[PDB]
Amino acid sequence: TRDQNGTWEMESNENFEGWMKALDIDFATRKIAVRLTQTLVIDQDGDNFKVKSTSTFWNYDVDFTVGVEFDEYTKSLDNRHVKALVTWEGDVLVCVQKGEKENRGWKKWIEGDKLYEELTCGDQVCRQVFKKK
Ligand SMILES: *C/C=C(\C)c1ccc(-c2ccc(N(C)C)s2)cc1
């Protein structure tokens, strides 16, 4: 299924610190952030998405249309400019963020009642699993 609508509550988080380190996020932010449970809110209508990543420590929102490239500032994550594009590879939603960092982006897919996510940067991969609330 390509339907990722929902409020998604984290159940598993692996190598989140490695991904943050690959983005050069400062020590203090990384050490706090690695401890925290996350929520992902996805509002999807056709090709149009609004996505929110939240914890007690951050609230990062992005809107995009599948297949439409967009320039973005990564704001309170790492304050970089990238050229972003979200597409479907089968039923995997794939974001590539072109810019200073190689292999930068994310992937999301549904396995049952769960959303699986990869966050990638450089040679680091963070793997997460969320349950639908
Ligand atoms: C589909 C997933 C998206 C668009 C996403 C996931 C995770 C984040 C963030 C993780 C840490 C953040 N800070 C601001 C510390 S954001 C953003 C976007």
# chains A, B, ... in the order shown; residues from 1 in each chain; ligands from 1
call {"tool": "residues_near_ligand", "arguments": {"ligand": "ligand 1", "cutoff": "10 Å", "atoms": "only C-alpha atoms and all ligand atoms", "output": "ChimeraX atom specification"}}
result
/A:16,19-20,25,29-30,32-34,38-42,49-55,57-64,74-79,86,93-95,105-108,117-119
call {"tool": "select_by_dssp", "arguments": {"residues": "region 83-129 of chain A", "states": "strand (DSSP E or B)", "output": "number ranges by chain"}}
result
A: 83-89, 92-98, 105-111, 114-121, 124-129
call {"tool": "residues_around", "arguments": {"residues": "region 100-103 of chain A", "least_positions_apart": "6", "cutoff": "9 Å", "atoms": "only C-alpha atoms", "output": "ChimeraX atom specification"}}
result
/A:22-23,80-82,120-124
call {"tool": "select_by_dssp", "arguments": {"residues": "chain A", "states": "alpha helix (DSSP H)", "output": "JSON, numbers by chain"}}
result
{"A": [16, 17, 18, 19, 20, 21, 22, 27, 28, 29, 30, 31, 32, 33]}
call {"tool": "decode", "arguments": {"residues": "chain A", "atoms": "C-alpha atoms", "output": "PDB file, in the first residue's frame"}}
result
ATOM      1  CA  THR A   1       0.000   0.000   0.000  1.00  0.00           C
ATOM      2  CA  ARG A   2       1.031   3.565  -0.786  1.00  0.00           C
ATOM      3  CA  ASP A   3      -1.260   4.914   1.959  1.00  0.00           C
ATOM      4  CA  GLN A   4       0.894   6.234   4.826  1.00  0.00           C
ATOM      5  CA  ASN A   5      -1.763   8.445   6.444  1.00  0.00           C
ATOM      6  CA  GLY A   6      -1.817   8.439  10.213  1.00  0.00           C
ATOM      7  CA  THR A   7      -0.356   9.388  13.544  1.00  0.00           C
ATOM      8  CA  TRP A   8       2.653   7.103  14.005  1.00  0.00           C
ATOM      9  CA  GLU A   9       4.179   6.467  17.427  1.00  0.00           C
ATOM     10  CA  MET A  10       7.725   5.165  17.623  1.00  0.00           C
ATOM     11  CA  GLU A  11       8.354   1.657  18.854  1.00  0.00           C
ATOM     12  CA  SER A  12      11.981   1.143  17.737  1.00  0.00           C
ATOM     13  CA  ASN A  13      14.931   3.445  16.970  1.00  0.00           C
ATOM     14  CA  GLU A  14      18.339   2.214  15.794  1.00  0.00           C
ATOM     15  CA  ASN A  15      21.457   4.288  15.044  1.00  0.00           C
ATOM     16  CA  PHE A  16      19.696   7.647  15.347  1.00  0.00           C
ATOM     17  CA  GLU A  17      22.916   9.080  16.804  1.00  0.00           C
ATOM     18  CA  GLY A  18      24.984   7.894  13.835  1.00  0.00           C
ATOM     19  CA  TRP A  19      22.676   9.669  11.416  1.00  0.00           C
ATOM     20  CA  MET A  20      22.795  12.855  13.519  1.00  0.00           C
ATOM     21  CA  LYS A  21      26.594  12.687  13.707  1.00  0.00           C
ATOM     22  CA  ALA A  22      26.811  12.320   9.924  1.00  0.00           C
ATOM     23  CA  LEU A  23      24.877  15.606   9.722  1.00  0.00           C
ATOM     24  CA  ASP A  24      27.392  17.215  12.121  1.00  0.00           C
ATOM     25  CA  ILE A  25      24.718  17.941  14.726  1.00  0.00           C
ATOM     26  CA  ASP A  26      26.429  19.263  17.827  1.00  0.00           C
ATOM     27  CA  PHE A  27      27.246  17.017  20.783  1.00  0.00           C
ATOM     28  CA  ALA A  28      24.743  18.507  23.231  1.00  0.00           C
ATOM     29  CA  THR A  29      21.791  18.275  20.840  1.00  0.00           C
ATOM     30  CA  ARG A  30      22.709  14.712  19.837  1.00  0.00           C
ATOM     31  CA  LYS A  31      23.026  13.460  23.404  1.00  0.00           C
ATOM     32  CA  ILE A  32      19.596  14.808  24.364  1.00  0.00           C
ATOM     33  CA  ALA A  33      17.885  13.841  21.108  1.00  0.00           C
ATOM     34  CA  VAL A  34      19.116  10.213  21.011  1.00  0.00           C
ATOM     35  CA  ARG A  35      17.200   9.476  24.227  1.00  0.00           C
ATOM     36  CA  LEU A  36      13.788  10.506  22.967  1.00  0.00           C
ATOM     37  CA  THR A  37      10.671   8.772  21.698  1.00  0.00           C
ATOM     38  CA  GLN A  38       9.393  10.219  18.417  1.00  0.00           C
ATOM     39  CA  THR A  39       6.065  10.749  16.677  1.00  0.00           C
ATOM     40  CA  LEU A  40       5.510  11.071  12.927  1.00  0.00           C
ATOM     41  CA  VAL A  41       2.249  12.615  11.692  1.00  0.00           C
ATOM     42  CA  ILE A  42       1.512  12.059   7.998  1.00  0.00           C
ATOM     43  CA  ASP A  43      -1.355  13.788   6.201  1.00  0.00           C
ATOM     44  CA  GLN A  44      -1.539  12.326   2.691  1.00  0.00           C
ATOM     45  CA  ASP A  45      -4.050  13.143  -0.037  1.00  0.00           C
ATOM     46  CA  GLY A  46      -2.992  11.677  -3.363  1.00  0.00           C
ATOM     47  CA  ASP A  47       0.433  13.074  -4.185  1.00  0.00           C
ATOM     48  CA  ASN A  48       0.194  15.805  -1.535  1.00  0.00           C
ATOM     49  CA  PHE A  49       1.885  15.201   1.816  1.00  0.00           C
ATOM     50  CA  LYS A  50       2.284  17.075   5.066  1.00  0.00           C
ATOM     51  CA  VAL A  51       4.712  15.375   7.448  1.00  0.00           C
ATOM     52  CA  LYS A  52       5.567  16.297  11.042  1.00  0.00           C
ATOM     53  CA  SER A  53       8.373  14.741  13.076  1.00  0.00           C
ATOM     54  CA  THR A  54       8.097  15.507  16.780  1.00  0.00           C
ATOM     55  CA  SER A  55       9.503  14.673  20.184  1.00  0.00           C
ATOM     56  CA  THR A  56       9.687  16.556  23.453  1.00  0.00           C
ATOM     57  CA  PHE A  57      12.709  18.369  21.960  1.00  0.00           C
ATOM     58  CA  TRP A  58      11.779  19.223  18.337  1.00  0.00           C
ATOM     59  CA  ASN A  59       8.867  19.735  15.927  1.00  0.00           C
ATOM     60  CA  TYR A  60       9.939  19.614  12.247  1.00  0.00           C
ATOM     61  CA  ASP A  61       7.335  19.981   9.499  1.00  0.00           C
ATOM     62  CA  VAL A  62       7.580  19.652   5.732  1.00  0.00           C
ATOM     63  CA  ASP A  63       5.013  19.723   2.921  1.00  0.00           C
ATOM     64  CA  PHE A  64       5.690  18.291  -0.517  1.00  0.00           C
ATOM     65  CA  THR A  65       4.125  16.839  -3.649  1.00  0.00           C
ATOM     66  CA  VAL A  66       5.370  13.479  -4.911  1.00  0.00           C
ATOM     67  CA  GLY A  67       7.395  13.976  -8.097  1.00  0.00           C
ATOM     68  CA  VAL A  68       7.854  17.759  -7.684  1.00  0.00           C
ATOM     69  CA  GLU A  69      11.365  18.890  -6.816  1.00  0.00           C
ATOM     70  CA  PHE A  70      11.646  21.589  -4.180  1.00  0.00           C
ATOM     71  CA  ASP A  71      14.402  23.691  -2.668  1.00  0.00           C
ATOM     72  CA  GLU A  72      14.322  23.601   1.098  1.00  0.00           C
ATOM     73  CA  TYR A  73      16.160  24.820   4.163  1.00  0.00           C
ATOM     74  CA  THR A  74      16.585  22.116   6.788  1.00  0.00           C
ATOM     75  CA  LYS A  75      15.857  24.657   9.527  1.00  0.00           C
ATOM     76  CA  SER A  76      16.509  23.485  13.110  1.00  0.00           C
ATOM     77  CA  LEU A  77      17.894  20.075  12.082  1.00  0.00           C
ATOM     78  CA  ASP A  78      21.169  21.177  10.468  1.00  0.00           C
ATOM     79  CA  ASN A  79      20.489  24.577   8.816  1.00  0.00           C
ATOM     80  CA  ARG A  80      21.496  23.489   5.305  1.00  0.00           C
ATOM     81  CA  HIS A  81      20.069  24.120   1.840  1.00  0.00           C
ATOM     82  CA  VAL A  82      19.174  21.072  -0.261  1.00  0.00           C
ATOM     83  CA  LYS A  83      17.213  20.218  -3.403  1.00  0.00           C
ATOM     84  CA  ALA A  84      14.620  17.686  -2.306  1.00  0.00           C
ATOM     85  CA  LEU A  85      12.554  15.199  -4.294  1.00  0.00           C
ATOM     86  CA  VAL A  86      10.105  12.574  -3.015  1.00  0.00           C
ATOM     87  CA  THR A  87       9.109   9.697  -5.312  1.00  0.00           C
ATOM     88  CA  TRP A  88       7.652   6.187  -5.179  1.00  0.00           C
ATOM     89  CA  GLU A  89       9.802   3.112  -5.759  1.00  0.00           C
ATOM     90  CA  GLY A  90       7.067   0.531  -5.677  1.00  0.00           C
ATOM     91  CA  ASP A  91       5.427   1.230  -2.326  1.00  0.00           C
ATOM     92  CA  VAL A  92       8.593   2.701  -0.760  1.00  0.00           C
ATOM     93  CA  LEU A  93       8.389   6.493  -0.449  1.00  0.00           C
ATOM     94  CA  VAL A  94      11.906   7.750  -1.194  1.00  0.00           C
ATOM     95  CA  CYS A  95      13.263  11.225  -0.457  1.00  0.00           C
ATOM     96  CA  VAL A  96      16.594  12.354  -1.905  1.00  0.00           C
ATOM     97  CA  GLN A  97      18.045  15.640  -0.651  1.00  0.00           C
ATOM     98  CA  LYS A  98      20.759  16.831  -3.043  1.00  0.00           C
ATOM     99  CA  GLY A  99      23.432  19.018  -1.492  1.00  0.00           C
ATOM    100  CA  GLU A 100      26.599  18.990   0.581  1.00  0.00           C
ATOM    101  CA  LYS A 101      25.964  15.537   2.077  1.00  0.00           C
ATOM    102  CA  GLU A 102      26.049  12.321   0.045  1.00  0.00           C
ATOM    103  CA  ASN A 103      23.313   9.658   0.291  1.00  0.00           C
ATOM    104  CA  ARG A 104      21.094  12.093   2.185  1.00  0.00           C
ATOM    105  CA  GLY A 105      17.373  11.500   2.519  1.00  0.00           C
ATOM    106  CA  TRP A 106      14.893   9.006   3.883  1.00  0.00           C
ATOM    107  CA  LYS A 107      12.621   6.109   2.982  1.00  0.00           C
ATOM    108  CA  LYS A 108       9.250   5.086   4.400  1.00  0.00           C
ATOM    109  CA  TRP A 109       7.127   2.004   3.830  1.00  0.00           C
ATOM    110  CA  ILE A 110       4.203   0.166   5.405  1.00  0.00           C
ATOM    111  CA  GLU A 111       4.598  -3.384   6.743  1.00  0.00           C
ATOM    112  CA  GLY A 112       1.176  -4.275   8.140  1.00  0.00           C
ATOM    113  CA  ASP A 113      -0.058  -1.825  10.769  1.00  0.00           C
ATOM    114  CA  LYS A 114       3.458  -0.374  11.081  1.00  0.00           C
ATOM    115  CA  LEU A 115       5.468   2.299   9.324  1.00  0.00           C
ATOM    116  CA  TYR A 116       9.159   1.587   8.781  1.00  0.00           C
ATOM    117  CA  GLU A 117      11.560   4.442   8.153  1.00  0.00           C
ATOM    118  CA  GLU A 118      15.195   4.787   7.137  1.00  0.00           C
ATOM    119  CA  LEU A 119      17.036   8.074   7.625  1.00  0.00           C
ATOM    120  CA  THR A 120      20.275   8.184   5.644  1.00  0.00           C
ATOM    121  CA  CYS A 121      23.277  10.481   5.494  1.00  0.00           C
ATOM    122  CA  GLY A 122      26.741   9.617   4.269  1.00  0.00           C
ATOM    123  CA  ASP A 123      27.443   6.021   5.243  1.00  0.00           C
ATOM    124  CA  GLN A 124      25.010   6.083   8.183  1.00  0.00           C
ATOM    125  CA  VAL A 125      21.531   4.558   8.221  1.00  0.00           C
ATOM    126  CA  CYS A 126      19.044   5.056  11.053  1.00  0.00           C
ATOM    127  CA  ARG A 127      16.221   2.491  11.121  1.00  0.00           C
ATOM    128  CA  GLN A 128      12.918   3.177  12.873  1.00  0.00           C
ATOM    129  CA  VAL A 129       9.573   1.439  13.337  1.00  0.00           C
ATOM    130  CA  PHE A 130       6.323   3.194  14.282  1.00  0.00           C
ATOM    131  CA  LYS A 131       2.900   1.863  15.209  1.00  0.00           C
ATOM    132  CA  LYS A 132      -0.280   3.487  13.967  1.00  0.00           C
ATOM    133  CA  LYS A 133      -2.127   5.239  16.787  1.00  0.00           C
TER     134      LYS A 133
END
